[PDB]
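Presented as structure tokens, the chain that follows is alone, the form deposited in one PDB entry.
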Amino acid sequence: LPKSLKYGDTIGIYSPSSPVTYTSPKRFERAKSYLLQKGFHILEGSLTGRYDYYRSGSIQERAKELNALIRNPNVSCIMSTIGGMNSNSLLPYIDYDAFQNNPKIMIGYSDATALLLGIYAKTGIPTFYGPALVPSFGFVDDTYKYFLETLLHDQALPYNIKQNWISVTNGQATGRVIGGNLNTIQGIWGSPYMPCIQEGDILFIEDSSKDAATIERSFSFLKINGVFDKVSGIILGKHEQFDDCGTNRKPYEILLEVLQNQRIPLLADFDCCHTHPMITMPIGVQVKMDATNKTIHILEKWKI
């Protein structure tokens, strides 16, 4: 397990995909200032302020940027500046051994899913769905409160993960939670960087800014892969800026069609991850979900 975040710690930032520190410099300054005011140090990665159009730099440059943070014993938390699309490119080049030797808090969302799941797959260390620097800290106080509740404060177990969630299909499930951004999962599936989904797992999926056609494809991807024959429950995040194509059907309704009446507890409009504010939550740990009463509890420790 990673060490708990402490006041005054150093948060390392890196840009594994979009060059947001170049394209949104004022929001970037605002976000740094917010965390600095709280007492944290910010170690800016080597691609901060650089621009290569749709990305911050080459595949090798981005892997170097992240590896420098992983190898630095003074960095306690590694946070993406933002996602994008291209984090999966780094996966073959990350120093998993250095991470496993000195586990730290790896946090982000959306495209960062590729790294969160990849590090967990390679090392067994829980990683965290939670804020990215520029979108989340660039309302902010609520996001920060949750960040601290999960990463810094001691928590008695079970740890209730709180947030208008929807009881789509009633029931309860207990198992290891696995998932993240579903579109991003389709860029790592089948590889050594995707943890194997196992019987009894609780599936966490979210997407944002997509359309009904795209999400049907993604849900059917899971179905034809047998995922719904294995998982004990499903937690579906809110889908901000969803384009329903005129159908009037919500994402969960499309999922229900794909499931063809298979009775799996399903809690939807969960507050992760493209929402403001957002929950900070570990992946790869035991959870109990209650879809009927709209609760989620973490059942084992996720930090030291």
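For every residue, the number given is its place in the sequence shown, counted from 1.
Separately, the form solved in complex with a small molecule exists; it is not shown, and the next lines address it.
With the partner omitted here, the residue from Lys250, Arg50, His274, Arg55 that has a non-hydrogen atom within 4.5 angstroms of the small molecule in the deposited complex is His274. Among the residues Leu116, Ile161, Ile82, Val177, the one placing a heavy atom within 4.5 Å of the small molecule in the deposited complex is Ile82. Using a 4.5 Å heavy atom cutoff, none of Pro16, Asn67 and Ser89 lies near the small molecule in the deposited complex. Contact check for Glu240: a heavy atom falls within 4.5 Å of the small molecule in the deposited complex. The small molecule is not shown here, but in the deposited complex it comes within 4.5 Å of a heavy atom of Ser208. Interface membership of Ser110, defined by any non-hydrogen atom within 4.5 Å of the small molecule in the deposited complex, is confirmed. In the deposited complex, the small molecule lies within 4.5 Å of some heavy atom of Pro135.
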